[PDB]
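Undergrad: Below is one structure. I have some questions about it.
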Amino acid sequence: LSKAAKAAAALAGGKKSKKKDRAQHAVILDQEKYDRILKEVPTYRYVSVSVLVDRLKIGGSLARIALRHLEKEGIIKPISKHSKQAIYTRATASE
Amino acid sequence: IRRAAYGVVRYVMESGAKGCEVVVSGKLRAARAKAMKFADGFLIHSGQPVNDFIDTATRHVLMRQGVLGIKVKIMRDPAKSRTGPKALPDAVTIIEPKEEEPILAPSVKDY
Amino acid sequence: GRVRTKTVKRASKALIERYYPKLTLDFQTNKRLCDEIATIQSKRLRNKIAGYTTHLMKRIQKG
Amino acid sequence: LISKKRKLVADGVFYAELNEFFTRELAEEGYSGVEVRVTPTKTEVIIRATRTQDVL
Amino acid sequence: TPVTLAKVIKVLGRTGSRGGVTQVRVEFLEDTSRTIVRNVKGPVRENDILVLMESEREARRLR
Amino acid sequence: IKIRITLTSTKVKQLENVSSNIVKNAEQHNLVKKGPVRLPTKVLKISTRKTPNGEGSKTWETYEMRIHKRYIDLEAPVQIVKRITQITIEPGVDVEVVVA
Amino acid sequence: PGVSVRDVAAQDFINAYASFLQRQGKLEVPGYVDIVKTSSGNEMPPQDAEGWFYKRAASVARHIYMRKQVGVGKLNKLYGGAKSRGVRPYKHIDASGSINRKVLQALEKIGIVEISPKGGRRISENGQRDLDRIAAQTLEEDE
Amino acid sequence: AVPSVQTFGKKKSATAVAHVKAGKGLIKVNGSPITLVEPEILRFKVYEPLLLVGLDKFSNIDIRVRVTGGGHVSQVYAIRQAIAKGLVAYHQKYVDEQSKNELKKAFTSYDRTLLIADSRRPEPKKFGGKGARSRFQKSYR
Amino acid sequence: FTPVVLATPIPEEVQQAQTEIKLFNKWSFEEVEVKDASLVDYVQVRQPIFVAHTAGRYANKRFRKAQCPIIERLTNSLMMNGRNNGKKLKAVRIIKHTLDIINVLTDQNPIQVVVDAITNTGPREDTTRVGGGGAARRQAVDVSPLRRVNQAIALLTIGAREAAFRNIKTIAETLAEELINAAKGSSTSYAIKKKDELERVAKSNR
Amino acid sequence: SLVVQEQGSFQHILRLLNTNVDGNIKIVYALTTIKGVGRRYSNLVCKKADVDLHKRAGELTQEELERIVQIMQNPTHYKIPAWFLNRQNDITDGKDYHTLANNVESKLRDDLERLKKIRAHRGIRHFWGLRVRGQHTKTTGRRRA
RNA sequence: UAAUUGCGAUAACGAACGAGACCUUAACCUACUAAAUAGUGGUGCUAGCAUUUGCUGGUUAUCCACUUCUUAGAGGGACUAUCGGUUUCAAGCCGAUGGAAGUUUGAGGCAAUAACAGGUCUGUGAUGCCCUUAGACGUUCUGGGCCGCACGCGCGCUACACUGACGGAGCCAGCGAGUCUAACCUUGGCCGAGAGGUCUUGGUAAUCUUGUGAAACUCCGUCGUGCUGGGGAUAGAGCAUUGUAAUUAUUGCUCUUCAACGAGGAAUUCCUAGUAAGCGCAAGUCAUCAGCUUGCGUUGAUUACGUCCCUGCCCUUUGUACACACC
RNA sequence: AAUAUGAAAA
């Protein structure tokens with residue numbers, strides 16, 4: 001019945017120990033990346049940290065810094081800021 | 001046991017309780033135990049009036065075959081209550097209307 | 001369900017059976033009437049009894 | 001001196017021990033309950049018993 | 001893809017092994033009086049509007 | 001001579017009449033009072049299992065000791081305070097007075 | 001109209017006052033400011049590795065002003081946080097007593113607050129006046 | 001004495017007392033201005049009563065609010081109900097029923113909880129589960 | 001209009017864009033109405049709601065949720081998942097970010113595009129798991145508009161959430177492009193592909 | 001926090017105390033990858049070396065890093081508190097040490113082998129490969145073996 | 001109808017326990033009674049800015065006034081109230097109106113006849129019978145053990161990350177507990193990175209801990225899509241506390257170590273709104289120790305509003321070769 | 001739709 005033999009309980013010992021591509025974004029700018037950003041952010045009707053990371057291969061942190069400098073140089077216009085996401089446009093006079 | 005507990009219910013009822021129930025549980029006739037209830041009148045158990053009226057006590061008695069437990073419940077008459085509600089929460093005692101003869105002639109009584 | 005129970009109906013009907021002239025169709029007057037004319041033991045039960053009394057008064061007015 | 005919470009549960013514990021004592025010592029005298037008086041400078045334990053003269 | 005609109009005029013209780021669907025007598029907005037009976041998944045009221053992917057399927061019951 | 005007289009009871013009714021009669025007695029003696037100030041109720045509760053042995057279904061049960069506290073403030077001369085502290089004694093109402 | 005700490009937003013008020021202490025330099029920042037965490041309940045030393053002490057002083061200066069008086073115990077409680085007790089669940093742990101004490105003691109040197117009756121420290125008269133001053137400065141640089 | 005009413009607002013455990021009196025249009029909560037409230041998102045919610053009425057009706061009312069209890073959202077709701085009902089009491093007691101009624105109709109037509117306290121109360125926890133209804137996991141073997 | 005000034009100064013835009021008209025934080029409700037005669041009474045749009053947080057009791061009745069503005073329904077189905085329960089502060093912050101992003105991406109009203117998103121990803125048929133002897137057999141049935149709205153909002157939120165998880169893209173913006181894709185009928189939207197797949201299986205199993 | 005091009009001086013990877021260190025990650029974590037220095041110790045020595053914390057290790061020059069290594073070998077000379085190091089007291093020398101990489105592994109093995117040879121219970125447990133700090137092994141850690 | 005709840009029918013009439021009625025708690029009270037152990041306003045005294053007329057504070061022997069908020073005692077209130085549909089046209093139900101609330105208003109307490117050969121003689125000075133009773137199975141002392149680990153199973157606590165992690169800010173609750181002739185809850189000051197140490201302080205408690213200034217939450221910064229600052233298991237070294245005594249590490253802290261874990265197979269648990277869930281707090285045991293439960297509060301969803309399809313329940317009819325009763 | 005069996009006495 002329910003009680004197994006000691007030899008069968010030895011199958012507890014016989015159980016044994018058996019059981020059930022990264023992306024390479026920039027993270028550092030160069031002259032070529034610097035040229036790329038000020039030529040393309042005039043495009044990208046919507047600019048944010050994630051969009052810059054996705055479509056310019058910047059390492060996120062430097063994407064944030066570049067956004068502040070793009071703001072300082074005025075090519076960008078704010079819609080909202082937050083300590084975890086920011087929303088930006090091309091400083092468009094169209095809207 | 002039978003005569004003794006019947007004496008208790010008879011005593012309590014003539015003493016004026018609205019109901020009583022005495023149960024003896026234990027070995028009694030044979031080794032296997034059973035429980036006998038000798039209730040009479042009527043007893044409530046559930047509603048809060050159980051605290052108000054139901055007096056209860058349990059005592060163990062020890063003899064040669066073992067132990068027996070006696071539970072006594074006594075629903076005292078709420079009408080006799082010197083304190084607490086005079087009657088159960090569902091008691092609705094309507095006061096009878098004093099019969100009035102209809103008057104036909106208007107009249108005025110001077111001072 | 002709001003189905004009033006047997007005790008409510010007994011007390012309600014008993015009141016009307018002997019206090020029709022003094023009762024009214026207004027819940028408030030019958031409730032404050034009931035408070036003194038019957039020895040109901042709780043406010044909740046009193047309101048239930050009062051409410052059904054007026055319900056039956058409306059019924060009698062119907063026919 | 002002692003807090004009110006502790007003081008009154010001590011009263012309860014005191015009453016229970018007294019009630020147990022009286023229900024152990026006064027059963028043959030038809031003991032039926034206790035009420036405890038608490039007065040300034042005085043306290044008295046009133047017993048209810050059928051055999052008052054026997055507990056006397 | 002073609003569409004057709006319709007309005008429920010009667011609701012006829014629930015249906016489905018677990019009561020999943022509801023019987024609804026539906027009425028098309030276009031070609032009025034062409035009343036139909038449909039099964040509906042989710043809660044509906046009367047005087048409600050439903051878009052049918054097809055019009056003339058019917059059901060008196062469902063498993 | 002100011003005194004604060006305070007009441008503690010597990011039962012409401014006895015304590016309430018003590019407060020009412022103490023307040024009314026002092027007033028008919030024209031004694032200044034601060035009314036029957038009522039403290040928050042101390043609801044002691046013990047949470048414990050019903051079953052003694054601990055087998056069977058997990059069921060829990062709470063017992064309550066409600067504790068009521070009252071106190072009244074009087075500025076009163078001693079020779080009448082003799083009567084004030086001894087006028088009313090009732091069961092279950094632990095009463096005590098404090099001078100100032 | 002008038003100026004009070006309660007009238008300007010906390011965030012701008014506190015960073016303005018922290019920069020003031022950093023710029024003024026009258027504050028006696030302890031040597032261990034670079035070695036220490038704000039409490040054993042945190043897990044990294046501050047990210048403004050130098051201006052954090054000025055931030056703490058500005059915050060504690062604002063809080064003593066807003067309150068009648070506070071002490072180190074309230075300060076540790078207030079700046080404490082949820083500590084990961086490893087695997088075991090987060091437990092609220094107060095801030096570090098020494099650092100929240102030396103901010104008060106350095107704050108005492110500048111004289112913005114004073115030891116007060118009922119224990120603890122109460123915002124001083126002159127400290128209050130200059131606290132309203134920087135409060136005025138914040139609400140004027142807004143526009 | 002300057003004319004005044006004294007209205008309370010509550011939501012869950014949070015309470016707020018709203019002293020309303022004739023003044024220069026001054027709005028403060030806990031000794032700090034209404035425009036300073038946090039969380040920033042709920043700022044517009046607290047503006048809702050005065051935003052609907054038009055702030056001209058506060059030109060001559062001075063409202064100061066103290067709030068305690070609850071949390072960072074219950075406090076906001078208590079504040080909104082407190083200033084809502086504070087305006088009502090002032091316009092009932094010292095202005096006219098016409099202003100009171102139009103105000104009350106405007107307030108409710110936007111949102112009932114401006115004047116009526118939310119009836120939801122926290123249901124007591126019961127033995128046998130973390131919450132009021134949830135139970136521990138039933139295991140059969 | 002008049003710039004009424006109080007002892008407590010209140011900023012100009014708060015008078016302008018909010019007192020003169022009971023807008024959303026930025027956007028209006030006027031001229032915004034669903035393209036579906038079925039959902040006209042279930043989208044709750046064209047009702048002044050203002051901020052997307054409200055402590056109303058929508059659970060007492062079955063259809064009392066049909067009076068909820070769909071933006072609050074969007075916020076609700078946004079926070080539902082797992083560790084995100086409660087935290088409607090984060091929820092409203094995220095939806096506000098999302099409406100900002102939407103109007104950045106396009107000229108139409110963000111509350112208009114979300115409405116078209118709902119009326120576009122609301123499945124119009126679904127097959128119930130109805131039992132049968134031996135093996136269960138499907139049955140295609142029509143769907144209530146309330147179920148349509150609930151399913152559409154549910155599908156939009158998961159299409160947002162499943163894309164947000166474990167990557168750089170933030171929840172607010174992934175929700176926005178999901179919403180724009182749904183409104184314009186893009187199959188790259190998770191909701192639209194799920195909706196017409198459900199209708200596809202219903203069409204097979206009528 | 002400025003936009004500036006790193007010149008050719010930037011290198012993508014560097015060597016530090018027999019361990020390779022990633023370049024484009026921040027310097028503090030660049031150090032923490034080393035055995036024997038976690039986030040706390042690495043942040044402290046980075047501050048003590050006074051190098052730019054915000055910069056990535058990829059673009060820092062040798063002079064800062066050689067000083068950094070010197071801080072690691074001799075923290076006691078640079079006023080690092082006694083309590084901050086991972087070998088605050090030694091079981092042979094009254095001096096206070098801090099061991100890095102191969103040294104800490106070799107020292108760990110010595111400590112275990114010291115316990116074993118003196119036949120302490122903890123050393124005996126380590127010899128048999130079991131839990132030593134009192135865990136209930138009944139249900140715990142079956143699969144590590 | 002939630003209800004053997006009623007309306008009715010009626011060889012039954014009249015009744016009793018149960019349900020209900022009830023009791024407690026949670027929602028309304030500009031009402032009574034009030035309140036230096038709760039407050040508020042005004043006036044004094046005082047501080048700051050305004051410089052000001054206004055604003056925000058400190059100060060009970062500054063006093064005065066008041067009970068809106070807070071505690072309460074007694075009471076009111078809700079009774080499906082009113083309206084419109086719907087049914088022997090009855091009980092009732094549905095919608096709308098008002099209302100603090102219209103699911104028995106919400107949650108509990110109590111909770112019947114009969115029974116199990118359910119759990120306990122390891123709670124009991126409650127005990128029957130048997131054993132034992134002095135090299136005792138009594139009592140007590142020293143040290144282990146109850147934790148021991150090849151494995152299987154059950155409650156859970158952590159996470160597998162950008163709805164975050166981290167740092168610096170904003171920073172708001174409730175239930176509750178606490179010493180005196182014995183030592184609790186501890187404020188404030190000082191010392192120490194920290195735990196903690198030190199000198200005093202209030203509190204037998206709406207008076208002090210304690211506004212328990214909790215966490216989650218929000219705001220600003222480091223990050224970066226990567227087994228990464230996620231996770232911190234695992235081990236070492238060291239520093240204190242409780243305890244006569246920690247060692248087979250009580251527990252806390254510091255540094256270092258940084259494994260599994262990529263949303264989880266067949267299966268399966270719980271849950272209809274302040275409910276699930278997240279988030280902690282108090283009490284319990286406690287000399288120290290929580291991942292445990294009993295409560296409490298913060299934030300606060302989705303989907304139902306139905307069904308008898310799975311598991312079951314209650315009543316009626318039915319069949320039975322079952323009655324220790326479909327095992 | 002598939003749904004077999006459950007020792008001896010008491």
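Quick note on naming: the chains in the structure tokens go A, B, ... in the order shown, residues restart at 1 in each chain, and ligands are numbered from 1 in order of appearance.
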With a distance cut-off of 12 Å and only C-alpha atoms (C1' of nucleotides), select the neighbouring residues of residue 59 in chain C, excluding the residue or stretch itself and same-chain residues fewer than 3 positions from it, and output the selection as a ChimeraX atom specification.
TA: /C:13,16,25,52-56,62-63 /K:89-90
Undergrad: What parts of range 12-85 of chain F does DSSP call strand (DSSP E)? I'd like the answer as a list in words.
TA: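 Selecting the strand (DSSP E) positions of range 12-85 of chain F gives residues 32, 33, 37, 38, 42, 43, 44, 45, 46, 47, 48, 49, 60, 61, 62, 63, 64, 65, 66, 67, 68, 69, 70, 71, 72, 73, 74 and 75 of chain F.
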Undergrad: Taking 2 positions as the minimum chain separation for residues in the same chain, which residues sit within 10 Å of range 32-40 of chain A when counting only C-alpha atoms (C1' of nucleotides)? Answer as a ChimeraX atom specification.
TA: /A:26,28-30,42-44,52,56-58,66,70,75,90 /J:3-5
Undergrad: Could you save those same residues with C-alpha atoms as a short mmCIF file (atom, residue, chain, number, x, y, z; two decimals), in the first residue's frame?
TA:
data_model
loop_
_atom_site.label_atom_id
_atom_site.label_comp_id
_atom_site.auth_asym_id
_atom_site.auth_seq_id
_atom_site.Cartn_x
_atom_site.Cartn_y
_atom_site.Cartn_z
CA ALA A 26 27.11 54.74 -28.72
CA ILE A 28 30.16 58.14 -26.29
CA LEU A 29 29.77 60.69 -29.06
CA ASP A 30 32.21 61.40 -31.87
CA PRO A 42 15.44 68.91 -37.52
CA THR A 43 13.37 65.88 -38.53
CA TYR A 44 11.78 63.55 -35.92
CA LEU A 52 16.94 59.08 -29.72
CA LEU A 56 20.41 57.20 -33.27
CA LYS A 57 22.04 54.38 -31.23
CA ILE A 58 23.01 56.66 -28.36
CA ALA A 66 22.12 65.75 -25.69
CA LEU A 70 19.60 70.60 -27.86
CA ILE A 75 16.48 73.59 -31.71
CA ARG A 90 11.83 70.16 -33.36
CA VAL J 3 28.37 67.37 -24.99
CA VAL J 4 32.00 66.72 -25.91
CA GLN J 5 33.71 64.35 -28.31
#
Undergrad: Identify, with DSSP run on backbone atoms, the residues in range 1-94 of chain F assigned to helix (DSSP H, G or I), and express the list as a VMD selection string.
TA: chain F and resid 12 to 28 78 to 84
Undergrad: Which residue, B:88, B:22, B:40, B:28, has the smallest gap to residue 62 in chain B when you use only C-alpha atoms?
TA: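 Among B:88, B:22, B:40, B:28, it is B:28 that comes nearest to residue 62 in chain B.
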Undergrad: At what distance in Å, to one decimal, does CA of residue 176 in chain I lie from CA of residue 189 in chain I?
TA: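 That distance, rounded to one decimal, is 10.7 Å.
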Undergrad: Report as a tab-separated table the residues of chain K within 6 Å of chain H, each with its shortest atom pair and distance in Å (one decimal), using only C-alpha atoms (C1' of nucleotides), ordered by chain and increasing residue number.
TA:
residue	atom	partner	partner_atom	distance
K:68	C1'	H:6	CA	5.0
K:69	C1'	H:17	CA	5.9
K:172	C1'	H:71	CA	5.0
K:173	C1'	H:70	CA	5.0
K:218	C1'	H:39	CA	5.6
K:269	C1'	H:137	CA	4.8
K:270	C1'	H:134	CA	5.6
K:271	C1'	H:134	CA	5.8
K:274	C1'	H:122	CA	5.3
K:298	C1'	H:71	CA	5.6
Undergrad: Using only C-alpha atoms (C1' of nucleotides), which residues sit within 12 Å of residue 12 in chain E once same-chain residues fewer than 3 positions away are excluded, as a ChimeraX atom specification?
TA: /E:8-9,15,21-26,37-40,44-46,59-61
Undergrad: What residues in chain L have any atom no more than 12 Å from chain I when counting only C-alpha atoms (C1' of nucleotides), and can you write them as an MDAnalysis selection string?
TA: chainID L and resid 1:3
Undergrad: Quick one: write out the picked residues with N, CA, C and O atoms (P, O5', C5', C4', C3', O3' and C1' of nucleotides) as a PDB file, in the first residue's frame?
TA:
ATOM      1  P     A L   1     -22.031  10.673 -22.098  1.00  0.00           P
ATOM      2  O5'   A L   1     -22.188  10.198 -23.610  1.00  0.00           O
ATOM      3  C5'   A L   1     -22.093  11.123 -24.682  1.00  0.00           C
ATOM      4  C4'   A L   1     -20.904  10.816 -25.555  1.00  0.00           C
ATOM      5  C3'   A L   1     -19.878   9.873 -24.951  1.00  0.00           C
ATOM      6  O3'   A L   1     -20.216   8.508 -25.102  1.00  0.00           O
ATOM      7  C1'   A L   1     -18.775  11.784 -25.728  1.00  0.00           C
ATOM      8  P     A L   2     -19.920   7.479 -23.907  1.00  0.00           P
ATOM      9  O5'   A L   2     -18.394   7.096 -24.112  1.00  0.00           O
ATOM     10  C5'   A L   2     -17.723   6.299 -23.156  1.00  0.00           C
ATOM     11  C4'   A L   2     -16.282   6.704 -23.002  1.00  0.00           C
ATOM     12  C3'   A L   2     -15.656   6.364 -21.662  1.00  0.00           C
ATOM     13  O3'   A L   2     -15.182   5.032 -21.625  1.00  0.00           O
ATOM     14  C1'   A L   2     -15.185   8.616 -22.200  1.00  0.00           C
ATOM     15  P     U L   3     -15.384   4.138 -20.309  1.00  0.00           P
ATOM     16  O5'   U L   3     -16.838   4.530 -19.823  1.00  0.00           O
ATOM     17  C5'   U L   3     -17.189   4.451 -18.450  1.00  0.00           C
ATOM     18  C4'   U L   3     -16.204   5.174 -17.575  1.00  0.00           C
ATOM     19  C3'   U L   3     -16.619   5.223 -16.122  1.00  0.00           C
ATOM     20  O3'   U L   3     -16.358   4.043 -15.402  1.00  0.00           O
ATOM     21  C1'   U L   3     -16.081   7.385 -16.799  1.00  0.00           C
TER      22        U L   3
END
Undergrad: Find the residues around residue 46 in chain F up to 8 Å (only C-alpha atoms (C1' of nucleotides) counted), leave out those fewer than 2 positions away in its own chain, and share them as a count of residues only.
TA: 5
Undergrad: Can you work out the spacing between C1' of residue 205 in chain K and CA of residue 4 in chain D in Å, to one decimal?
TA: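 A separation of 9.3 Å between them.
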Undergrad: So, with only C-alpha atoms as the atoms that count, which of J:40, J:47, J:56, J:79 lies closest to chain A?
TA: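 Of all the options, J:56 lies closest to chain A.
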Undergrad: Could you check which of K:194, K:164, K:106, K:176 is closest to chain I, using only C-alpha atoms (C1' of nucleotides)?
TA: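 Among the listed residues, the smallest separation from chain I belongs to K:164.
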Undergrad: When you look at range 64-72 of chain G with a cut-off of 12 Å (counting only C-alpha atoms (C1' of nucleotides)), what residues show up, excluding the ones that are within fewer than 6 positions of it in the same chain? I need them as an NGL selection string.
TA: (:G and (4-7 or 10 or 57-58 or 78-80 or 94-105 or 107 or 112-132 or 135)) or (:H and (30-32)) or (:K and (47-48 or 56-59 or 187-190 or 211 or 213))
Undergrad: In Å to one decimal, how far is CA of residue 180 in chain I from CA of residue 104 in chain I?
TA: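 Taking CA of residue 104 in chain I as the start and CA of residue 180 in chain I as the end point, the length is 11.3 Å.
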Undergrad: Excluding range 52-60 of chain B and residues on its chain fewer than 5 positions from it, collect all residues at most 8 Å away from it, counting only C-alpha atoms (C1' of nucleotides), and give them as a list in words.
TA: residues 44, 45, 67, 68, 69, 70, 71, 72, 73, 74, 75, 76, 77, 78 and 84 of chain B; 126 of chain K
Undergrad: With N, CA, C and O atoms (P, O5', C5', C4', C3', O3' and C1' of nucleotides) kept, could you save the residues just selected as a PDB file, in the first residue's frame?
TA:
ATOM      1  N   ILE B  44     -34.665  29.474  23.984  1.00  0.00           N
ATOM      2  CA  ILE B  44     -34.044  30.129  22.841  1.00  0.00           C
ATOM      3  C   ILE B  44     -32.537  30.005  22.980  1.00  0.00           C
ATOM      4  O   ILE B  44     -32.006  29.874  24.087  1.00  0.00           O
ATOM      5  N   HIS B  45     -31.842  30.032  21.845  1.00  0.00           N
ATOM      6  CA  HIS B  45     -30.398  29.840  21.859  1.00  0.00           C
ATOM      7  C   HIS B  45     -29.650  30.944  21.128  1.00  0.00           C
ATOM      8  O   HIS B  45     -28.527  31.289  21.506  1.00  0.00           O
ATOM      9  N   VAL B  67     -16.713  10.019  34.083  1.00  0.00           N
ATOM     10  CA  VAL B  67     -17.182  11.386  34.258  1.00  0.00           C
ATOM     11  C   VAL B  67     -18.478  11.574  33.486  1.00  0.00           C
ATOM     12  O   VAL B  67     -18.658  10.993  32.412  1.00  0.00           O
ATOM     13  N   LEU B  68     -19.393  12.357  34.051  1.00  0.00           N
ATOM     14  CA  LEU B  68     -20.571  12.825  33.336  1.00  0.00           C
ATOM     15  C   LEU B  68     -20.705  14.330  33.482  1.00  0.00           C
ATOM     16  O   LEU B  68     -20.442  14.887  34.551  1.00  0.00           O
ATOM     17  N   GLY B  69     -21.119  14.981  32.400  1.00  0.00           N
ATOM     18  CA  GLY B  69     -21.290  16.420  32.367  1.00  0.00           C
ATOM     19  C   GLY B  69     -22.764  16.789  32.370  1.00  0.00           C
ATOM     20  O   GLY B  69     -23.561  16.196  31.643  1.00  0.00           O
ATOM     21  N   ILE B  70     -23.108  17.769  33.198  1.00  0.00           N
ATOM     22  CA  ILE B  70     -24.470  18.275  33.299  1.00  0.00           C
ATOM     23  C   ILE B  70     -24.489  19.715  32.818  1.00  0.00           C
ATOM     24  O   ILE B  70     -23.859  20.584  33.430  1.00  0.00           O
ATOM     25  N   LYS B  71     -25.232  19.981  31.749  1.00  0.00           N
ATOM     26  CA  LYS B  71     -25.484  21.341  31.297  1.00  0.00           C
ATOM     27  C   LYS B  71     -26.926  21.696  31.617  1.00  0.00           C
ATOM     28  O   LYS B  71     -27.846  20.949  31.268  1.00  0.00           O
ATOM     29  N   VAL B  72     -27.120  22.837  32.268  1.00  0.00           N
ATOM     30  CA  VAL B  72     -28.439  23.324  32.643  1.00  0.00           C
ATOM     31  C   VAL B  72     -28.664  24.660  31.961  1.00  0.00           C
ATOM     32  O   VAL B  72     -27.847  25.574  32.097  1.00  0.00           O
ATOM     33  N   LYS B  73     -29.766  24.772  31.230  1.00  0.00           N
ATOM     34  CA  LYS B  73     -30.187  26.026  30.627  1.00  0.00           C
ATOM     35  C   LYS B  73     -31.545  26.392  31.194  1.00  0.00           C
ATOM     36  O   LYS B  73     -32.426  25.536  31.296  1.00  0.00           O
ATOM     37  N   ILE B  74     -31.706  27.654  31.574  1.00  0.00           N
ATOM     38  CA  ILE B  74     -32.913  28.134  32.230  1.00  0.00           C
ATOM     39  C   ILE B  74     -33.300  29.441  31.565  1.00  0.00           C
ATOM     40  O   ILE B  74     -32.642  30.464  31.781  1.00  0.00           O
ATOM     41  N   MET B  75     -34.366  29.424  30.771  1.00  0.00           N
ATOM     42  CA  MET B  75     -34.924  30.658  30.226  1.00  0.00           C
ATOM     43  C   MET B  75     -35.885  31.219  31.258  1.00  0.00           C
ATOM     44  O   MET B  75     -37.040  30.799  31.343  1.00  0.00           O
ATOM     45  N   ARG B  76     -35.412  32.183  32.037  1.00  0.00           N
ATOM     46  CA  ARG B  76     -36.268  32.799  33.030  1.00  0.00           C
ATOM     47  C   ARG B  76     -37.340  33.636  32.348  1.00  0.00           C
ATOM     48  O   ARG B  76     -37.201  34.060  31.200  1.00  0.00           O
ATOM     49  N   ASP B  77     -38.425  33.856  33.064  1.00  0.00           N
ATOM     50  CA  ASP B  77     -39.548  34.583  32.500  1.00  0.00           C
ATOM     51  C   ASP B  77     -39.163  36.044  32.325  1.00  0.00           C
ATOM     52  O   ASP B  77     -38.837  36.710  33.315  1.00  0.00           O
ATOM     53  N   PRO B  78     -39.175  36.581  31.107  1.00  0.00           N
ATOM     54  CA  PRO B  78     -38.841  38.000  30.939  1.00  0.00           C
ATOM     55  C   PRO B  78     -39.795  38.932  31.657  1.00  0.00           C
ATOM     56  O   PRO B  78     -39.408  40.056  31.996  1.00  0.00           O
ATOM     57  N   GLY B  84     -33.358  44.775  32.782  1.00  0.00           N
ATOM     58  CA  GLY B  84     -33.319  44.365  31.402  1.00  0.00           C
ATOM     59  C   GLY B  84     -34.702  44.420  30.795  1.00  0.00           C
ATOM     60  O   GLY B  84     -35.681  44.756  31.469  1.00  0.00           O
TER      61      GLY B  84
ATOM     62  P     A K 126      -9.925  20.985  38.474  1.00  0.00           P
ATOM     63  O5'   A K 126      -9.735  20.736  36.908  1.00  0.00           O
ATOM     64  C5'   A K 126      -9.521  19.452  36.337  1.00  0.00           C
ATOM     65  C4'   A K 126     -10.668  18.504  36.540  1.00  0.00           C
ATOM     66  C3'   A K 126     -10.242  17.074  36.815  1.00  0.00           C
ATOM     67  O3'   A K 126     -10.020  16.861  38.192  1.00  0.00           O
ATOM     68  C1'   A K 126     -11.809  17.095  35.055  1.00  0.00           C
TER      69        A K 126
END
Undergrad: Counting only C-alpha atoms (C1' of nucleotides), which residues of chain F come no farther than 7 Å from chain K, as a list in words?
TA: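 Filtering chain F at 7 Å from chain K with only C-alpha atoms (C1' of nucleotides) gives residues 35, 36, 37, 38, 39, 40, 47, 53, 55 and 56 of chain F.
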Undergrad: Could you list, with a cut-off of 9 Å and counting only C-alpha atoms (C1' of nucleotides), the residues of chain E near chain K, each shown with its nearest atom pair and the distance in Å rounded to one decimal, rows sorted by chain and ascending number, as CSV?
TA:
residue,atom,partner,partner_atom,distance
E:14,CA,K:306,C1',7.4
E:15,CA,K:307,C1',8.0
E:16,CA,K:307,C1',7.7
E:17,CA,K:309,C1',5.0
E:18,CA,K:307,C1',4.4
E:19,CA,K:307,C1',4.2
E:20,CA,K:306,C1',7.4
E:63,CA,K:309,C1',9.0
Undergrad: Please identify every residue of chain I that has at least one atom no more than 7 Å from any atom of chain K, counting only C-alpha atoms (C1' of nucleotides), and report them as a list in words.
TA: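 So the residues of chain I near chain K are residues 59, 61, 62, 76, 77, 79, 80, 83, 84, 85, 86, 87, 90, 131, 166, 167, 168 and 170 of chain I.
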Undergrad: Take the residues just selected and output them with C-alpha atoms as a compact mmCIF listing (two decimals), in the first residue's frame.
TA:
# COMPACT_ATOMS: atom_id res chain seq x y z
CA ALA I 59 -19.20 49.22 -9.41
CA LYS I 61 -24.52 48.75 -10.89
CA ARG I 62 -23.77 46.77 -14.02
CA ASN I 76 -7.88 52.03 -14.85
CA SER I 77 -6.96 49.27 -17.30
CA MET I 79 -2.63 50.24 -13.77
CA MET I 80 -4.36 46.87 -13.37
CA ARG I 83 2.68 45.26 -9.15
CA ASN I 84 1.08 48.32 -10.75
CA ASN I 85 -2.24 47.93 -8.93
CA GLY I 86 -3.15 51.04 -7.08
CA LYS I 87 -0.75 53.77 -8.14
CA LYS I 90 1.48 56.92 -11.95
CA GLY I 131 -19.02 22.79 -24.43
CA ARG I 166 11.80 44.78 -20.52
CA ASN I 167 13.00 47.38 -23.00
CA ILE I 168 13.98 51.02 -23.46
CA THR I 170 8.58 53.94 -22.02
